[PDB]
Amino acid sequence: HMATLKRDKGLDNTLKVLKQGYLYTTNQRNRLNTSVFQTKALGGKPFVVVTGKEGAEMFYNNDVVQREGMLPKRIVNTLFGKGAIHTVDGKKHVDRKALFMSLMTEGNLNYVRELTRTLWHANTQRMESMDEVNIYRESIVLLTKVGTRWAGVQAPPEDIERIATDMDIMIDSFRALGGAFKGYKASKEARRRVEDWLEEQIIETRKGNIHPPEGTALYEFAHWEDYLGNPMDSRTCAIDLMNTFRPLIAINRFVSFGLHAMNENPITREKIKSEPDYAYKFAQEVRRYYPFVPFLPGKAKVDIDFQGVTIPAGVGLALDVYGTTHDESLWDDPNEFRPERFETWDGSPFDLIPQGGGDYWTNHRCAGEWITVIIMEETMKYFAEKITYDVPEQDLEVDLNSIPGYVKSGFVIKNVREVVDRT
């Protein structure tokens, strides 16, 4: 019958995972000479790490994989929220996921494109006026304006900076993989403030005291009823409403990385300007190449025969996101930033998985992938075409051994000047 699963042995390898970061799984495959291995982590719990197209296709087979209950409790407490869409499976999930996906119309996607473009255009003067601009921060603030407006949440200009900071702390809060860390309680408090704020909007909308536009997240979520005819309770509704735009705000990570790429590979700036298709390819290449999501947790519902081993019923599963997006058999020279690779990509649901794999409607795949690519296209076109700027000496390192993925400096620019033909 099948072979015995190889192990990264140890009672609990969480510390070792954290020390090796986005390279943990590749390091283990390499040293064990295997495509699939088991490790215990998160308090002695076994997880079988799977990768590649075959790992992704199996991970998103709902007949054999459970996702409910597999996120670390602390990460639910800070990043996603109690009872969030990420936390449910089966009919309850498909029903609620349809609500998220219903927002992703052609018009709403066009709207997010236009918002992003207008706000960057409107921000030029501010940025010229600054001695230096930390792109990670400036983009998170700008994207807070985009995301709240797109979601139909009215956010007073005077609150945007605090909101952005709260979002930042939440987005960062997967850094310990569910373990204790110094910043955990601050992350919880950020979450409580943002949940309280949104809950009030939901209640006021349901009472008829405010009138968000039809088709926005706030409107649609406040009024939605599940397959049994019941609304979300107000707190859960606020939680899932946040899940429509916190991750939009999180695109600031990719904005920073994109400017990093454009800096390291200056030909890409010229190509963004010259080739209309190229900004899309560039955006896709940022998502593939840079680290953000390391892996995703699930559980085997039944014994699964996979790549010559048997994965036992009840054991954890970890889909390797970083490893799949850097798989040398999927991506020629996976550690080269090369937007042109997208000229030949067939659109598979199972290779380009930085925001999950599988199906939008029946799997837990990111609802916001289209938005992410849109926002990145517009933002990179802006920085490539609309302004010039200098990049001072700074710490540009992206440490692959440290979750979460960041440019150490945030990516700082100076001497911003609008590009204007005045002749």
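Each residue number is its position in the shown sequence, starting from 1.
Asker: Would you mind comparing 305-313 and 347-355 for me and telling me which has the higher average C-alpha temperature factor in the entry?
Answerer: Looking at the record's C-alpha B-factors, the answer is 305-313.
Asker: Which is higher in the entry, the mean Cα B factor of 408-416 or that of 8-16?
Answerer: Looking at the recorded C-alpha B-factors, 8-16 comes out higher on average.
Asker: Going by the CA temperature factor in the entry, name the top one among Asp240, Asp277, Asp95, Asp168.
Answerer: Answer, based on the entry's C-alpha B-factors: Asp277.
Asker: By the entry's C-alpha temperature factors, tell me which of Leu79, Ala155, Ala176, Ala250 sits highest.
Answerer: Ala155 has the highest C-alpha B-factor of those listed.
Asker: Quick one: classify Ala186 as lowest, middle or highest third of the chain based on its Cα B-factor.
Answerer: Middle third, going by the recorded CA B-factors of the chain.
Asker: Among the modelled residues of this chain, does the Cα B factor of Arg341 put it in the lowest, middle or highest third?
Answerer: It falls in the top third of the chain.
Asker: Sort the modelled residues of this chain by their C-alpha B factor and say whether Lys386 lands in the lowest, middle or highest third.
Answerer: Its C-alpha B-factor belongs to the middle third of this chain's values.
Asker: Among the chain's modelled residues, which third holds the C-alpha B-factor of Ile267?
Answerer: Tercile = highest for this residue's CA B-factor.
Asker: Relative to the other modelled residues in the chain, which third contains the C-alpha temperature factor of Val286: lowest, middle or highest?
Answerer: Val286: CA B-factor falls in the lowest third of its chain.
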